[PDB]
4 protein chains.
Amino acid sequence: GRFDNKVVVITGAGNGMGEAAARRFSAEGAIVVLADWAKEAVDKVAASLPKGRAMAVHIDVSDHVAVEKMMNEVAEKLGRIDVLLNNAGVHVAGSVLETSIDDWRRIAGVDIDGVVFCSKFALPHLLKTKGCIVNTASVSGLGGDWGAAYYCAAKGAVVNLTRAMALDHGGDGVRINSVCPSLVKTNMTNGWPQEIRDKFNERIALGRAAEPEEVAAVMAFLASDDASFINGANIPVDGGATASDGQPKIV
Amino acid sequence: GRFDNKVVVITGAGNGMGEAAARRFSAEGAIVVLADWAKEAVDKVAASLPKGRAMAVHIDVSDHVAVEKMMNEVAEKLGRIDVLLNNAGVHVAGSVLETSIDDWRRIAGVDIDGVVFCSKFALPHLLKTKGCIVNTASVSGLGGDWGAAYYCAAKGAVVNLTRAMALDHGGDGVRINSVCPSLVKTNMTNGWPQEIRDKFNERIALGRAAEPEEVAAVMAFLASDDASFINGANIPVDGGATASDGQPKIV
Amino acid sequence: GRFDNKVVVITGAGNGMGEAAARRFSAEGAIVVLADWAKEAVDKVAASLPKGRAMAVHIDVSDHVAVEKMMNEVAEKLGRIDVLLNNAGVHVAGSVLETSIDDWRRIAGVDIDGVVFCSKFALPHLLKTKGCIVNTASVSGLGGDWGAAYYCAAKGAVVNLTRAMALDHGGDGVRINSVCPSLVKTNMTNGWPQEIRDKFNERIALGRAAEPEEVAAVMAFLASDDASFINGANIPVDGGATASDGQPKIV
Amino acid sequence: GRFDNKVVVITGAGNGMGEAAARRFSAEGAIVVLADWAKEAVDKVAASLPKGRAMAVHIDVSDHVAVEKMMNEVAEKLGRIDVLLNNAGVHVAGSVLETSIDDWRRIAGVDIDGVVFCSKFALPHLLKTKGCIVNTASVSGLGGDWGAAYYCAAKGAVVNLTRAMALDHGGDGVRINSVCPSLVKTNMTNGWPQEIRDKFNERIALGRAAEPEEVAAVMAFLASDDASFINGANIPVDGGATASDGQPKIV
Ligand SMILES: NC(=O)c1ccc[n+]([C@@H]2O[C@H](COP(=O)([O-])OP(=O)(O)OC[C@H]3O[C@@H](n4cnc5c(N)ncnc54)[C@H](O)[C@@H]3O)[C@@H](O)[C@H]2O)c1
Ligand SMILES: NC(=O)c1ccc[n+]([C@@H]2O[C@H](COP(=O)([O-])OP(=O)(O)OC[C@H]3O[C@@H](n4cnc5c(N)ncnc54)[C@H](O)[C@@H]3O)[C@@H](O)[C@H]2O)c1
Ligand SMILES: NC(=O)c1ccc[n+]([C@@H]2O[C@H](COP(=O)([O-])OP(=O)(O)OC[C@H]3O[C@@H](n4cnc5c(N)ncnc54)[C@H](O)[C@@H]3O)[C@@H](O)[C@H]2O)c1
Ligand SMILES: NC(=O)c1ccc[n+]([C@@H]2O[C@H](COP(=O)([O-])OP(=O)(O)OC[C@H]3O[C@@H](n4cnc5c(N)ncnc54)[C@H](O)[C@@H]3O)[C@@H](O)[C@H]2O)c1
Ligand SMILES: Nc1ncnc2c1ncn2[C@@H]1O[C@H](COP(=O)(O)OP(=O)(O)O)[C@@H](O)[C@H]1O
Ligand SMILES: Nc1ncnc2c1ncn2[C@@H]1O[C@H](COP(=O)(O)OP(=O)(O)O)[C@@H](O)[C@H]1O
């Protein structure tokens with residue numbers, strides 16, 4: 001019962017890590033708000049969890065007015081917010097020469113503005129509960145990739161905003177951390193050519209992709225009392241990916 | 001002259017480190033495009049430099065339409081672009097709880113969008129000259145501050161965009177690097193109280209604020225042949241600030 | 001019990017975070033080997049734990065002959081090794097100009113050699129259990145201090161040895177990670193003056209020193225199944241210390 | 001004449017980067033001490049440089065008594081030391097399971113003790129000239145490699161000792177920085193199988209190995225007045241290697 005009666009708001013709750021986060025927190029006694037643009041996935045997850053202990057909601061995290069209303073209505077209806085998981089995301093592939101101003105606006109709106117807005121509007125509620133924030137960043141926020149320029153800029157914004165907010169609020173009893181996953185098994189990635197999955201298994205020392213549960217576990221730890229002295233941290237959940245200096249594996 | 005007949009585009013060239021960069025590159029033979037939204041300031045710097053070797057451009061770098069036009073106009077008139085200094089920036093002080101959505105739009109528009117747009121629209125021209133980009137990020141992009149949340153997110157994006165674009169374009173002969181200053185003596189920090197400045201002399205092991213010329217020296221180095229194997233680097237120009245683990249002096 | 005019948009070897013187990021780790025793992029069902037060169041201290045901790053579930057080993061971990069023997073003796077008697085906590089450490093204060101070659105030999109022998117030897121001689125046993133290593137490094141290994149030069153070099157080695165061994169062994173089912181505390185309330189720092197401790201409450205955003213139990217909590221997490229995809233990570237347990245760019249508070 | 005009449009002591013002066021460093025500094029007016037275990041290479045380089053402006057000397061940098069005598073004799077004979085280049089090195093290949101205690105002693109003696117000892121004994125001389133230190137670290141000190149455990153520990157010690165010493169001495173006017181090269185063209189590496197050199201050209205965005213001159217250039221910059229505000233920095237000279245989060249290049 002690590003999260004007994006704690007109110008956990010999950011943005012991007014309809015993706016693999018979002019759903020694994022929702023089930024892990026629920027299993028540990030949390031009341032879970034599954035917030036997402038899309039309705040089907042979060043409605044199905046919410047319906048699968050204990051009645052009265054899960055609600056699905058529509059949100060555009062790129063919309064600060066909608067975000068502010070969502071955060072106040074959750075606090076009004078459930079009386080508290082204890083945990084924010086900023087798990088919404090969009091990915092676009094390409095260099096800045098292969099990706100449009102529009103692509104940049106899309107990445108920035110969800111991957112940066114979403115973290116800024118949901119953290120700003122949850123914080124007054126988190127300050128009352130001495131709750132915490134866990135951002136879903138990425139190894140792509142700790143270092144660059146080939147062919148994901150906008151994505152790397154945005155997750156780099158999330159990684160450093162995590163540090164800055166942690167300094168601003170940690171002394172008022174609200175810890176702010178991120179998880180920085182590498183390759184996570186979804187149907188997107190299960191479908192990838194074998195040649196591509198092999199290149200990931202070579203660069204990742206554990207030699208496999210993460211299960212979404214393996215990332216949700218770290219999110220749950222970082223929201224737990226055991227993480228009482230972890231603040232402003234960007235935890236690589238990457239089987240060793242970012243532990244390399246970038247030099248090739250030779251035997 | 002290290003920069004003899006090289007076209008150097010410098011955003012935020014009307015003041016501080018941009019101005020110091022304009023004088024240093026001009027002294028070393030560069031033709032300098034001075035871009036700024038402070039029309040009088042940038043006109044004065046432009047006019048102070050050798051006739052026919054400097055042109056002022058009145059531009060808000062947050063405007064992708066204006067930026068695209070400037071980069072193509074410069075290329076047409078001067079026949080080339082060798083160096084982009086993404087130096088234009090604005091600061092705002094406070095946590096996300098003390099700074100408005102409008103403060104965020106101002107920070108993100110100049111400090112992220114301006115870097116993204118100027119990089120994107122210069123790059124086709126830099127690919128022809130095998131030129132380079134030097135972003136002015138900040139130590140505020142390599143880690144967090146207390147009370148500059150939006151600025152830290154923005155410079156966070158600049159730091160990781162520097163890495164990603166370096167991976168994308170280095171193989172095509174275009175190096176992308178940043179300088180990451182700590183306290184520099186400019187209009188951006190001239191209002192900051194004495195007790196904060198005194199704490200900077202403690203946290204910076206060199207025991208003083210930087211002169212703008214000291215950062216312009218590193219921008220010139222990073223645009224030089226001597227930096228031919230430096231790519232995707234965020235060079236701290238901070239007198240040791242980021243070298244510290246954040247702990248106070250042990251003795 | 002998360003660690004039911006797991007053999008956990010803990011260096012520096014007679015005091016501070018090693019002791020707290022011994023109690024936490026023991027509480028969670030571990031059989032604990034308590035290694036220390038403080039024979040009375042480690043005997044007292046060992047004797048305080050459940051009978052037949054703890055053994056004290058009087059060892060100087062800087063001694064590769066003694067370390068090789070302990071690791072093989074433990075494996076013989078207990079039939080397995082599941083977890084190594086490389087926690088033993090000594091501190092010395094000063095620049096290289098104020099600390100002797102003998103100070104360096106003491107720092108390097110315990111703080112680097114001891115980690116290297118214990119890791120090397122445990123690893124054949126951890127490969128059989130698909131166990132893990134948790135190094136106790138320091139924020140003093142992720143960046144510099146004023147006046148702990150030798151200690152910073154040593155913890156520097158621990159941090160990057162953690163990354164390299166993670167790449168070497170993660171694919172064989174052995175995860176290698178560190179915890180990087182800042183100020184923790186132990187014998188190592190109990191002599192440090194009040195003015196320095198007060199500065200720590202400023203530089204640590206949580207505004208307090210860590211309890212040893214708060215670091216032992218993260219060691220237990222990193223040795224747990226919930227850390228199944230964390231490998232080669234240097235987890236800061238520093239209340240935000242390393243999240244800062246080193247600058248003093250901006251407001 | 002950037003280094004006119006400045007006394008530059010280069011350890012490891014007989015290797016590719018050592019010789020390129022010696023020629024670059026000499027070209028800029030330096031008086032160069034070429035210090036190395038081996039005699040032939042440094043004698044030949046010294047004999048090739050202006051008479052009265054270069055001397056070759058034997059040193060074991062693993063020997064603190066010999067190092068201390070060398071530093072005092074250079075200061076006695078030439079009257080000053082302005083620059084230390086800590087460029088001595090030994091590499092060993094393998095995990096900790098493939099490399100002996102002896103291998104560790106060899107790596108630690110030259111790659112750590114050499115930097116500690118030469119910096120300790122030069123410093124009193126550098127404090128009189130407000131000179132500087134440039135450590136030859138490695139990307140292998142900024143992150144791990146597969147199959148170089150001891151090497152990664154040692155260069156990780158050099159990277160963090162650089163930070164610590166920079167904090168200790170930068171306020172007394174002695175800046176301390178490192179260069180962190182990746183693959184550098186030598187005959188060792190020119191001879192490598194094409195399959196291995198291809199894997200380096202893939203991970204390095206510039207798509208090639210560094211010339212030793214490209215690393216020497218960065219050493220010369222970091223010792224120059226242009227680097228007046230760079231202190232405690234570990235400059236990647238790696239064509240982008242460490243700019244990657246470790247994820248594979250996919251197209
Ligand atoms: N001063 C410091 O201590 C410090 C520290 C770290 C980094 N920086 C960065 O250094 C860069 C230069 O700032 P500075 O300290 O020289 O300040 P400054 O005020 O002296 O100069 C900044 C210049 O940028 C221009 N500018 C701002 N927004 C613009 C826009 N939208 N379009 C065009 N021009 C614009 C301003 O008019 C001004 O001339 C910024 O990116 C800043 O964030 C400053
Ligand atoms: N949207 C825009 O077009 C826009 C927005 C911001 C500012 N600007 C331009 O910036 C310029 C200044 O406007 P502002 O409101 O930012 O300015 P301001 O009056 O706030 O002054 C800007 C900075 O200059 C410093 N300063 C004052 N006197 C100075 C002097 N003699 N020399 C150098 N620095 C001096 C101030 O202390 C301050 O740090 C104008 O040209 C304005 O058009 C453009
Ligand atoms: N206390 C802090 O603020 C702090 C901060 C960061 C990291 N650390 C690290 O935490 C670890 C634990 O230290 P602590 O703070 O719990 O101190 P402590 O003094 O409470 O415990 C350290 C223990 O290690 C033992 N030890 C030392 N050298 C040994 C050797 N050669 N062989 C065997 N045992 C040996 C000591 O006898 C002692 O029991 C160390 O590696 C230390 O560097 C301490
Ligand atoms: N070469 C070796 O074998 C070696 C070297 C160092 C110490 N040790 C062992 O460490 C132990 C202590 O020796 P030392 O000289 O390091 O000790 P010490 O007298 O310096 O005390 C060690 C630490 O314990 C603290 N302390 C004092 N009273 C305490 C108490 N009642 N409970 C808990 N902590 C207390 C002290 O303030 C100090 O921080 C001995 O068992 C000694 O054999 C081993
Ligand atoms: N504007 C938005 N507001 C709220 N949630 C959003 C928004 N944009 C994307 N999301 C959600 O973020 C989650 C993560 O997106 P993504 O990383 O693309 O997941 P997946 O790869 O599994 O499709 C999704 O559930 C998606 O619907
Ligand atoms: N104990 C030592 N004292 C002084 N110089 C040393 C010592 N050990 C190695 N060196 C020198 O360090 C330099 C760099 O070594 P290394 O990296 O192996 O160079 P290379 O790969 O070109 O042979 C060499 O010139 C070598 O002789």
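Letters A, B, ... are given to chains in the order of the sequence lines, protein chains preceding strands, and every chain is numbered from 1.
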Would you tell me whether A:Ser244 and A:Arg203 have side-chain atoms, one donor and one acceptor, within less than 3.5 Å of each other?
yes

Could you name each residue pair satisfying salt bridge (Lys or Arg N to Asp or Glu O under 4.0 Å) that touches residues 210-234 of chain C, not counting sequence neighbours?
A:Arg24-C:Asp226, C:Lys185-C:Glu211, C:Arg208-C:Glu214

Among all residues two or more places apart in sequence or in another chain, which pass the salt bridge (charged side-chain N to carboxylate O under 4.0 Å, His left out) test with C:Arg197?
none

When you measure from the side chain of C:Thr129 to the backbone of C:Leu126, do you find a donor-acceptor pair of N or O atoms at a distance under 3.5 Å?
yes

Quick one: closest heavy-atom pair of B:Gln247 and C:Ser182, and the distance?
OE1-OG, 2.5 Å

Using the side chain to side chain contact (heavy atoms under 4.5 Å, CB included) rule, take D:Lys199 and A:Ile250 through it: C-alpha gap first, then chi angles, then the decisive distance, then the call.
CA-CA 8 Å; D:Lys199 281 162 158 275; A:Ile250 310 312; 3.7 Å; yes

Taking every heavy atom of D:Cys152 against every heavy atom of C:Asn160, the minimum-distance pair comes out as O-ND2, 3.0 Å

Could you walk me through whether C:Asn177 and C:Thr162 pass the side-chain hydrogen bond (donor to acceptor under 3.5 Å, both in side chains) check?
CA-CA 6 Å; C:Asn177 296 295; C:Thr162 300; over 6 Å; no

With under 30° as parallel and over 60° as perpendicular, where do the rings of C:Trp192 and C:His91 fit, or are they tilted in between?
tilted

On a heavy-atom basis, the closest approach of C:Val83 and C:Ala223 is CG1-CB, 4.0 Å

Under 3.5 Å side-chain donor-acceptor pair for C:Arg23 and C:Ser48:
yes

Heavy-atom side-chain contact between C:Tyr151 and C:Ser138 under 4.5 Å:
yes

No-hydrogen, no-angle side-chain donor-acceptor test under 3.5 Å, C:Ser62 and C:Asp113
no

For D:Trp146, which residues count as a side-chain hydrogen bond (donor to acceptor under 3.5 Å, both in side chains) partner, sequence neighbours excluded?
none

For C:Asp82, all residues meeting salt bridge (charged side-chain N to carboxylate O under 4.0 Å, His left out), sequence neighbours excluded
C:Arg80

Nearest heavy atoms of D:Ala164 and C:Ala149, plus distance in Å
CB-CA, 4.1 Å

Short N-O contact, D:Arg106 and D:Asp103, less than 4.0 angstrom:
yes

Any donor-acceptor N or O pair under 3.5 Å, side chains B:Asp245, C:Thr242:
no

Which heavy atom of A:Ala166 sits nearest a heavy atom of A:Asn231, and at what distance?
O-ND2, 2.9 Å

With sequence neighbours left out, the residues meeting salt bridge (charged side-chain N to carboxylate O under 4.0 Å, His left out) with C:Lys39 are none

Cut-off 3.5 Å, no hydrogens considered: what does the side-chain donor-acceptor table look like for residues 3-18 of chain C, sequence neighbours left out?
| residue | atom | partner | partner atom | Å |
| --- | --- | --- | --- | --- |
| C:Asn5 | OD1 | C:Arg53 | NH2 | 2.9 |
| C:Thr11 | OG1 | C:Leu85 | O | 3.4 |
| C:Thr11 | OG1 | C:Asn87 | N | 2.9 |
| C:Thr11 | OG1 | C:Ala88 | N | 2.8 |

